[PDB]
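S.K.: Residue numbers (PDB author numbering), protein chains in the order written: chain H, 1 to 138; chain P, 1 to 83; chain D, 2 to 209; chain Q, 2 to 100; chain L, 5 to 128.
Where a beta carbon is used, it is the ideal one built from N, C-alpha and C, also for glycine.
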RNA sequence: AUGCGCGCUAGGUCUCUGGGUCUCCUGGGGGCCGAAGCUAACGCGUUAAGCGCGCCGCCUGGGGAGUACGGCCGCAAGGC
RNA sequence: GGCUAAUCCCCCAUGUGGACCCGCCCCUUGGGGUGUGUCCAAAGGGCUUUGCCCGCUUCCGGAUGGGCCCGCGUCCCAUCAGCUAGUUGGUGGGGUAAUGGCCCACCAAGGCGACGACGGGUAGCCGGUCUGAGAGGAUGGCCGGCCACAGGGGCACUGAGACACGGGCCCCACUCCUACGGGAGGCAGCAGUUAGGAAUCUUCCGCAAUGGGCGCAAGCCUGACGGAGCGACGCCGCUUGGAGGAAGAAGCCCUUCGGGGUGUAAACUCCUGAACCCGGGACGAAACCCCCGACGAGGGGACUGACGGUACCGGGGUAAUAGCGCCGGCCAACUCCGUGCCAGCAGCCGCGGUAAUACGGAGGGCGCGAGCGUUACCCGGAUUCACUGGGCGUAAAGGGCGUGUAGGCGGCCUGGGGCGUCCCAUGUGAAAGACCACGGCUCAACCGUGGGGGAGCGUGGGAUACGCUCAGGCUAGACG
Ligand SMILES: [Mg+2]
Ligand SMILES: [Mg+2]
Ligand SMILES: [Mg+2]
Ligand SMILES: [Mg+2]
Ligand SMILES: [Mg+2]
Ligand SMILES: [Mg+2]
Ligand SMILES: [Mg+2]
Ligand SMILES: [Mg+2]
Ligand SMILES: [Mg+2]
Ligand SMILES: [Mg+2]
Ligand SMILES: [Mg+2]
Ligand SMILES: [Mg+2]
Ligand SMILES: [Mg+2]
Ligand SMILES: [Mg+2]
Ligand SMILES: [Mg+2]
Ligand SMILES: [Mg+2]
Ligand SMILES: [Mg+2]
Ligand SMILES: [Mg+2]
Ligand SMILES: [Mg+2]
Ligand SMILES: [Mg+2]
Ligand SMILES: [Mg+2]
Ligand SMILES: [Mg+2]
Ligand SMILES: [Mg+2]
Ligand SMILES: [Mg+2]
Ligand SMILES: [Mg+2]
Ligand SMILES: [Mg+2]
Ligand SMILES: [Mg+2]
Ligand SMILES: [Mg+2]
Ligand SMILES: [Mg+2]
Ligand SMILES: [Mg+2]
Ligand SMILES: [Mg+2]
Ligand SMILES: [Mg+2]
Ligand SMILES: [Mg+2]
Ligand SMILES: [Mg+2]
Ligand SMILES: [Mg+2]
Ligand SMILES: [Mg+2]
Ligand SMILES: [Mg+2]
Ligand SMILES: [Mg+2]
Ligand SMILES: [Mg+2]
Ligand SMILES: [Mg+2]
Ligand SMILES: [Mg+2]
Ligand SMILES: [Mg+2]
Ligand SMILES: [Mg+2]
Ligand SMILES: [Mg+2]
Ligand SMILES: [Mg+2]
Ligand SMILES: [Mg+2]
Ligand SMILES: [Mg+2]
Ligand SMILES: [Mg+2]
Ligand SMILES: [Mg+2]
Ligand SMILES: [Mg+2]
Ligand SMILES: [Mg+2]
Ligand SMILES: [Mg+2]
Ligand SMILES: [Mg+2]
Ligand SMILES: [Mg+2]
Ligand SMILES: [Mg+2]
Ligand SMILES: [Mg+2]
Ligand SMILES: [Mg+2]
Ligand SMILES: [Mg+2]
Ligand SMILES: [Mg+2]
Ligand SMILES: [Mg+2]
Ligand SMILES: [Mg+2]
Ligand SMILES: [Mg+2]
Ligand SMILES: [Mg+2]
Ligand SMILES: [Mg+2]
Ligand SMILES: [Mg+2]
Ligand SMILES: [Mg+2]
Ligand SMILES: [Mg+2]
Ligand SMILES: [Mg+2]
Ligand SMILES: [Mg+2]
Ligand SMILES: [Mg+2]
Ligand SMILES: [Mg+2]
Ligand SMILES: [Mg+2]
Ligand SMILES: [Mg+2]
Ligand SMILES: [Mg+2]
Ligand SMILES: [Mg+2]
Ligand SMILES: [Mg+2]
Ligand SMILES: [Mg+2]
Ligand SMILES: [Mg+2]
Ligand SMILES: [Mg+2]
Ligand SMILES: [Mg+2]
Ligand SMILES: [Mg+2]
Ligand SMILES: [Mg+2]
Ligand SMILES: [Mg+2]
Ligand SMILES: [Mg+2]
Ligand SMILES: [Mg+2]
Ligand SMILES: [Mg+2]
Ligand SMILES: [Mg+2]
Ligand SMILES: [Mg+2]
Ligand SMILES: [Mg+2]
Ligand SMILES: [Mg+2]
Ligand SMILES: [Mg+2]
Ligand SMILES: [Mg+2]
Ligand SMILES: [Mg+2]
Ligand SMILES: [Mg+2]
Ligand SMILES: [Mg+2]
Ligand SMILES: [Mg+2]
Ligand SMILES: [Mg+2]
Ligand SMILES: [Mg+2]
Ligand SMILES: [Mg+2]
Ligand SMILES: [Mg+2]
Ligand SMILES: [Mg+2]
Ligand SMILES: [Mg+2]
Ligand SMILES: [Mg+2]
Ligand SMILES: [Mg+2]
Ligand SMILES: [Mg+2]
Ligand SMILES: [Mg+2]
Ligand SMILES: [Mg+2]
Ligand SMILES: [Mg+2]
Ligand SMILES: [Mg+2]
Ligand SMILES: [Mg+2]
Ligand SMILES: [Mg+2]
Ligand SMILES: [Mg+2]
Ligand SMILES: [Mg+2]
Ligand SMILES: [Mg+2]
Ligand SMILES: [Mg+2]
Ligand SMILES: [Zn+2]
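#1: Tell me the rounded alpha-carbon separation between residue 22 (chain P) and residue 6 (chain P).
#2: Considering just the uninterrupted stretch of the beta strand (DSSP E) at residue 23 (chain Q), what are its terminal residues?
#3: Can you give me the C-alpha to C-alpha distance between residue 179 (chain D) and residue 24 (chain D), rounded to a whole angstrom?
#4: Quick one: list the residues of chain Q neighbouring residue 92 (chain H), beta-carbon separation under 9 Å, in chain order.
#5: Can you confirm whether the region 117-132 of chain H touches the region 7-15 of chain P when touching is taken to mean that 3 or more C-beta pairs between the two stretches lie within less than 8 Å?
#6: Report the start-end ranges of each beta strand (DSSP E) in the region 23-53 of chain L that is 3 residues or longer and not cut off at the edges.
#7: So the beta strand (DSSP E) residue 62 (chain Q) belongs to, where does it begin and stop?
#8: Specify, as a first and last residue, the run of the beta strand (DSSP E) that residue 38 (chain P) falls within.
#9: Please determine, among L:94, L:87 and L:124, the residue with the shortest C-alpha to C-alpha distance to residue 24 (chain L).
#10: Hey, out of H:121, H:69, H:66 and H:50, whose CA is closest to residue 60 (chain H)'s CA?
#11: I need the DSSP call for residue 101 (chain H), collapsed to helix, strand or coil.
#12: If we ignore side chains and look at the alpha-carbon of each, how far apart do residue 193 (chain D) and residue 38 (chain D) end up?
#13: In whole angstroms, give me the CA-to-CA distance for residue 91 (chain D) and residue 190 (chain D).
#14: Where residue 132 (chain D) and residue 83 (chain D) are concerned, what is the direct C-alpha to C-alpha distance, given to the nearest angstrom?
#15: Against residue 18 (chain L), what residues of chain Q qualify as contacts under a CB-to-CB distance less than 8 Å, listed in chain order?
#16: Taking all protein chains shown into account, decide if residue 124 (chain L) is buried (16 or more other Cβ within 10 angstroms of its Cβ) or exposed.
#17: May I have the straight-line CA-CA distance separating residue 74 (chain H) from residue 68 (chain H), to the nearest angstrom?
Printed below as a string of structure tokens:
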């Protein structure tokens with residue numbers, strides 16, 4: 001069984017990008033659609049669309065990469081240099097508004113899930129609310 | 001019987017007093033119900049006595065008693081003045 | 002008590018000139034002319050590259066040795082400045098230059114830094130009119146440093162002062178020459194300061 | 002505030018008394034997982050009102066006996082006997098693990 | 005170890021054992037010698053080293069090294085024990101404090117005199 | 001000398017065994033090379049030692065020693 | 001055995017009120033009201049005695065202090081796995097201020113335990129401290145809070161309050177008195193003695209200050225306390241001089257025999273003036289008392305020091321203590337001489353068996369400096385118990401394999417709930433400490449005033465993503 005699904009989307013993406021795929025299909029849920037809305041908005045993924053695959057609905061995430069490179073190893077810089085889950089089933093993390101983290105000195109985000117919704121860090125801090133801290137990205 | 005007196009908060013040769021409400025039974029320098037002022041003998045400061053009457057009034061109302069020194073200070077600061 | 006003994010030696014040891022000698026640590030006798038090499042028999046012998054430790058060490062050495070402080074005082078002063086808000090190197094140097102005896106030197110009442118300590122000690126020095134014999138005294142700007150009216154006439158004091166005519170004084174001060182009082186207007190700065198020392202090296206020295 | 006807790010009554014055998022059972026989740030102080038511990042409260046049923054597998058509120062009271070400090074406020078849920086079969090069996094397992 | 009696993013078992017905070025039963029906890033202990041021997045060091049060196057077996061105030065008995073060059077110690081001397089071992093002498097965990105009770109500071113040693121208990125040399 | 005479960009991440013080649021529109025494709029199993037990646041190295045590499053999540057077992061310098069004592073099991077041997 | 005007083009004891013009286021049984025209302029655990037019925041008070045003393053003060057009695061309330069109860073937190077060993085007879089509940093009862101197996105009789109047969117019961121080991125707990133980048137580890141001496149004990153064990157009495165350290169009864173050990181019958185003790189109060197130990201102070205001053213008991217006061221008490229003494233035990237400040245002064249005296253060290261070194265260091269020149277000696281000389285201290293007004297207020301207004309002739313101010317005045325570790329790498333600082341697997345050093349690597357920068361001195365050098373080394377112990381380093389933050393093919397480490405219990409964990413959609421979670425508000429988070437700010441002692445150490453913070457928990461309000469749950473769908477997992 002998919003055991004943490006969100007961690008598995010984050011991972012479907014991680015694997016996809018390290019082999020530099022153009023797109024990747026991850027199985028679909030509103031909470032993942034949210035997690036992605038934020039990625040798109042934030043610049044990590046190109047976007048995503050929902051699709052039906054043998055009837056079972058999915059979402060293609062479409063990934064961004066840097067331009068090609070020089071010398072040995074032309075392979076373009078990664079846009080998501082990394083992405084890591086935080087609250088996992090069976091150890092959960094929640095953060096009061098005054099523990100919400102500064103990610104790589106701000107050059108990256110942390111998706112929080114909140115009472116008010118699913119948000120980035122600047123988002124909640126300035127929104128003023130805390131939550132279950134899903135993951136971080138740079 | 002509850003009281004209003006001086007507890008000694010200074011240093012050696014350099015006293016300073018917290019004028020406090022406490023039960024007589026407690027030690028001089030330990031837990032006390034509320035701090036109502038301070039006293040400086042060598043008067044090394046423009047403000048060497050302070051009170052906040054309304055509080056001291058409240059206590060006298062329910063019947064703590066002062067010391068002689070405490071009462072001296074208090075009246076000086078005019079808890080007692082009825083004019 | 003502080004280090005009592007051959008000084009122009011430490012002039013030689015840090016390889017640079019930290020005049021603790023006053024006059025003649027100007028006029029070419031400081032021996033740093035024609036004997037800039039360090040003390041002992043091997044002072045003439047070649048030098049082995051310093052461990053990073055050594056570097057850090059002797060730069061803090063210069064910074065202290067200049068001021069005649071004990072280390073206890075020094076390092077306490079330092080940690081005190083680590084705590085104080087904002088950049089530590091500069092803060093520090095501020096706190097050192099703020100030392101009474103130093104200021105009495107800076108103001109040019111005494112020739113040496115140490116002669117100046119003696120001066121504070123016997124309290125020919127007054128601060129805002131109240132005499133102060135404590136060389137460790139912290140001058141806060143706006144304070145006014147005077148020579149003490151009693152000793153105003155002393156041979157040595159007007160001695161220095163006569164040679165102190167027209168000379169400029171460091172910009173975080175001001176002086177009155179014939180009237181021997183002068184005011185300490187601001188905490189000085191890194192640039193505002195001479196010092197022949199990298200301070201960041203000293204910070205790194207207390208890193209460990 | 003007098004404290005209320007909610008539990009399931011796991012056994013009745015006592016005259017005028019029921020034993021309720023109260024879980025508490027709470028985060029663990031280092032590892033941080035949420036961990037879920039329980040306690041048996043001996044609670045005072047005056048009327049033999051409440052039965053096995055009934056889920057009730059318990060309220061801090063003036064002591065009834067040694068070990069009985071709590072009385073039964075009201076019935077929240079009637080007849081969840083799974084909870085009971087759980088506790089029953091947790092304890093049926095002590096029968097193993099010894100000599 | 006999982007986290008479930010970490011709550012239900014959890015880490016083991018490791019103890020340690022004191023390399024010195026001078027013990028009682030104390031920093032030095034007074035004792036009385038038994039044998040005063042001269043002993044043969046382990047494989048890498050070669051020497052003759054002076055040690056005393058000692059009865060303690062702790063109802064305890066050990067060999068203790070005698071630091072310094074010369075010593076006056078006879079079998080009934082009373083002595084103070086320092087602690088610290090010597091790597092190459094089997095069995096000795098404790099040193100002896102010169103200048104204290106019976107063991108007297110090294111004659112003529114001019115140099116590390118805090119150790120070795122000797123006083124300061126007079127001057128003309 | 002590689003705990004079980006699931007998802008994910010180039011291919012090639014040999015092969016056992018079902019289904020196909022049977023140059024081949026498509027499941028399931030056994031080997032060998034080898035992307036990316038991992039690894040102290042050797043190696044691992046869709047039959048992970050990669051990327052992940054869940055849960056169990058286990059480790060914490062060598063010798064003393066799988067000894068001693070205790071307990072449990074076993075007719076003994078001797079086991080845990 | 002006899003005498004007698006009282007604010008000592010007792011009986012009537014009055015009943016503002018109160019207690020209690022029974023009824024009734026409200027309230028809702030034994031809160032409040034109420035109505036009949038029974039029961040319950042008291043002490044006098046001093047004055048300027050016609051009026052005041054000091055008391056006394058019952059009651060309601062306040063306040064401060066506490067009793068008991070509950071949630072939650074609170075070391076190690078599972079080579080401690082079962083523990084339990086007042087033990088678990090029940091009626092009725094005794095006791096108490098008061099709930100309770102707190103105690104008792106009688107009835108039922110329960111209660112606890114792998115979420116660690118029972119057992120063994122260690123331990124006063126906390127504010128806080130030390131350490132750490134933090135998370136965390138360690139600790140609880142002094143100051144503050146709470147507990148417990150007062151030679152060992154038991155028990156009550158008196159009382160508002162104790163099961164009582166300088167109260168009592170009894171058993172026990174020890175010491176002392178003993179006419180051998182029997183008695184007297186109890187420094188874990190301040191000093192002090194003895195022992196034990198590595199080691200831990202004066203048989204001081206004082207009631208002036210603050211506090212406490214009694215007293216109308218005057219006052220008495222106070223080894224609380226405020227001071228002084230002792231010890232570098234710690235922290236902070238301070239001195240052993242300043243400027244001049246050789247192309248650099250002798251001595252001592254090494255030389256390549258030219259000299260390099262100590263080193264401006266000394267000598268000496270000049271100046272200041274630690275110690276020390278005269279003279280003033282404290283604040284800490286205005287109340288209690290005194291008089292006016294009315295013993296209020298308000299107003300005035302006099303006595304009152306241990307520390308101490310100390311602090312400090314003004315005056316005169318002398319060049320006036322330096323020690324300790326280290327110098328092979330870690331680590332800042334190098335050379336001759338002496339020793340020759342010796343004597344020794346040593347924290348780890350490891351030096352010494354002939355030219356030793358490691359041993360033992362000397363010269364020189366580095367580090368600190370009225371200190372500086374050593375030992376013991378704690379944190380650190382140590383991401384070496386890995387929550388942050390580790391691992392398990394060959395380095396230590398996957399159980400021989402499965403079935404499956406407790407337990408952990410859980411696909412997609414919708415809705416109720418709001419337990420987790422989050423936010424706001426407020427209560428609590430004592431003082432000291434810690435951080436910030438000004439300030440007070442010549443600075444600091446020390447102290448004061450003010451500020452701000454804060455995990456956690458109580459309460460009320462709100463949010464509903466995720467987690468939980470309840471209800472309803474789904475089919476991609478699983479089974480058929
Ligand atoms: Mg879209
Ligand atoms: Mg984390
Ligand atoms: Mg009390
Ligand atoms: Mg700073
Ligand atoms: Mg800043
Ligand atoms: Mg300026
Ligand atoms: Mg540091
Ligand atoms: Mg029943
Ligand atoms: Mg009962
Ligand atoms: Mg059983
Ligand atoms: Mg594994
Ligand atoms: Mg293949
Ligand atoms: Mg076929
Ligand atoms: Mg295959
Ligand atoms: Mg097979
Ligand atoms: Mg490669
Ligand atoms: Mg890896
Ligand atoms: Mg290969
Ligand atoms: Mg795999
Ligand atoms: Mg071992
Ligand atoms: Mg072993
Ligand atoms: Mg075997
Ligand atoms: Mg056996
Ligand atoms: Mg048998
Ligand atoms: Mg065998
Ligand atoms: Mg056998
Ligand atoms: Mg008679
Ligand atoms: Mg009477
Ligand atoms: Mg009557
Ligand atoms: Mg009445
Ligand atoms: Mg009634
Ligand atoms: Mg009468
Ligand atoms: Mg009352
Ligand atoms: Mg009350
Ligand atoms: Mg209470
Ligand atoms: Mg209360
Ligand atoms: Mg508990
Ligand atoms: Mg403990
Ligand atoms: Mg054993
Ligand atoms: Mg019994
Ligand atoms: Mg009863
Ligand atoms: Mg009683
Ligand atoms: Mg439990
Ligand atoms: Mg403890
Ligand atoms: Mg104990
Ligand atoms: Mg800290
Ligand atoms: Mg710190
Ligand atoms: Mg503790
Ligand atoms: Mg703690
Ligand atoms: Mg204590
Ligand atoms: Mg205490
Ligand atoms: Mg308490
Ligand atoms: Mg006792
Ligand atoms: Mg005793
Ligand atoms: Mg007793
Ligand atoms: Mg009584
Ligand atoms: Mg009484
Ligand atoms: Mg009692
Ligand atoms: Mg008692
Ligand atoms: Mg006594
Ligand atoms: Mg008696
Ligand atoms: Mg002794
Ligand atoms: Mg003392
Ligand atoms: Mg007094
Ligand atoms: Mg008094
Ligand atoms: Mg009178
Ligand atoms: Mg007396
Ligand atoms: Mg005292
Ligand atoms: Mg000092
Ligand atoms: Mg000079
Ligand atoms: Mg010479
Ligand atoms: Mg010469
Ligand atoms: Mg003179
Ligand atoms: Mg006075
Ligand atoms: Mg006065
Ligand atoms: Mg007066
Ligand atoms: Mg008086
Ligand atoms: Mg009159
Ligand atoms: Mg008056
Ligand atoms: Mg007056
Ligand atoms: Mg006097
Ligand atoms: Mg003078
Ligand atoms: Mg001299
Ligand atoms: Mg070196
Ligand atoms: Mg040595
Ligand atoms: Mg020779
Ligand atoms: Mg030689
Ligand atoms: Mg050799
Ligand atoms: Mg040597
Ligand atoms: Mg060495
Ligand atoms: Mg040597
Ligand atoms: Mg030397
Ligand atoms: Mg020391
Ligand atoms: Mg450590
Ligand atoms: Mg650690
Ligand atoms: Mg660390
Ligand atoms: Mg970990
Ligand atoms: Mg954590
Ligand atoms: Mg490892
Ligand atoms: Mg092997
Ligand atoms: Mg292995
Ligand atoms: Mg194996
Ligand atoms: Mg296997
Ligand atoms: Mg299950
Ligand atoms: Mg889910
Ligand atoms: Mg809620
Ligand atoms: Mg709050
Ligand atoms: Mg506070
Ligand atoms: Mg204080
Ligand atoms: Mg100031
Ligand atoms: Mg402070
Ligand atoms: Mg709430
Ligand atoms: Mg909702
Ligand atoms: Mg919902
Ligand atoms: Mg369903
Ligand atoms: Zn010079």
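M.R.: Result, derived from the coordinates:
#1: The count along the second chain starts at 1 and reaches residue 22 (chain P) at position 22. The count along the second chain starts at 1 and reaches residue 6 (chain P) at position 6. About 10 Å.
#2: Within the fourth chain, numbered from 1, the residue matching residue 23 (chain Q) stands at position 22. Unbroken beta strand (DSSP E) run through residue 23 (chain Q): 18-28.
#3: Here residue 179 (chain D) refers to the residue found at position 178 of the third chain. Here residue 24 (chain D) refers to the residue found at position 23 of the third chain. If you take the alpha carbons of residue 179 (chain D) and residue 24 (chain D), they lie about 21 Å apart.
#4: Counting from 1 along the first chain, the entry for residue 92 (chain H) is found at position 92. Going along chain Q in sequence order, the residues near residue 92 (chain H) (Cβ under 9 Å) are 28, 33, 34 and 35.
#5: The region 7-15 of chain P vs the region 117-132 of chain H: no contact.
#6: Uninterrupted beta strand (DSSP E) stretches at least 3 residues long and entirely within the region 23-53 of chain L occur at 33-43, given in chain order.
#7: The residue you call residue 62 (chain Q) lines up with position 61 of the fourth chain. Unbroken beta strand (DSSP E) run through residue 62 (chain Q): 56-66.
#8: On the second chain, position 38 is the one that residue 38 (chain P) refers to. Here the beta strand (DSSP E) through residue 38 (chain P) covers 34-39.
#9: What you label residue 24 (chain L) is simply residue 20 of the fifth chain in a count that begins at 1. Residue L:87 holds the alpha-carbon nearest to the alpha-carbon of residue 24 (chain L) among L:94, L:87 and L:124.
#10: Position 60 of the first chain holds residue 60 (chain H). Checking every option, the nearest Cα to that of residue 60 (chain H) belongs to H:50.
#11: Locating residue 101 (chain H) in the first chain gives position 101, where the first residue counts as 1. It is coil, neither helix nor strand.
#12: The count along the third chain starts at 1 and reaches residue 193 (chain D) at position 192. The count along the third chain starts at 1 and reaches residue 38 (chain D) at position 37. Their backbone Cα atoms lie some 30 Å apart in a straight line.
#13: Sequence index remark: in the third chain, residue 91 (chain D) carries index 90 (1-based). Sequence index remark: in the third chain, residue 190 (chain D) carries index 189 (1-based). Using only the alpha carbons, I get a separation of about 6 Å.
#14: Here residue 132 (chain D) corresponds to residue number 131 of the third chain, with the count starting at 1. Here residue 83 (chain D) corresponds to residue number 82 of the third chain, with the count starting at 1. Cα-Cα distance, rounded: 31 Å.
#15: Within the fifth chain, the letter at position 14 stands for residue 18 (chain L). Proximity of chain Q to residue 18 (chain L) at the Cβ level (cut-off 8 Å) is not reached, the minimal Cβ distance being about 17 Å.
#16: On the fifth chain, position 120 is the one that residue 124 (chain L) refers to. Per the 10 Å Cβ criterion, exposed.
#17: Locating residue 74 (chain H) in the first chain gives position 74, counting from the first residue. Locating residue 68 (chain H) in the first chain gives position 68, counting from the first residue. For residue 74 (chain H) and residue 68 (chain H), the distance between alpha carbons rounds to 5 Å.
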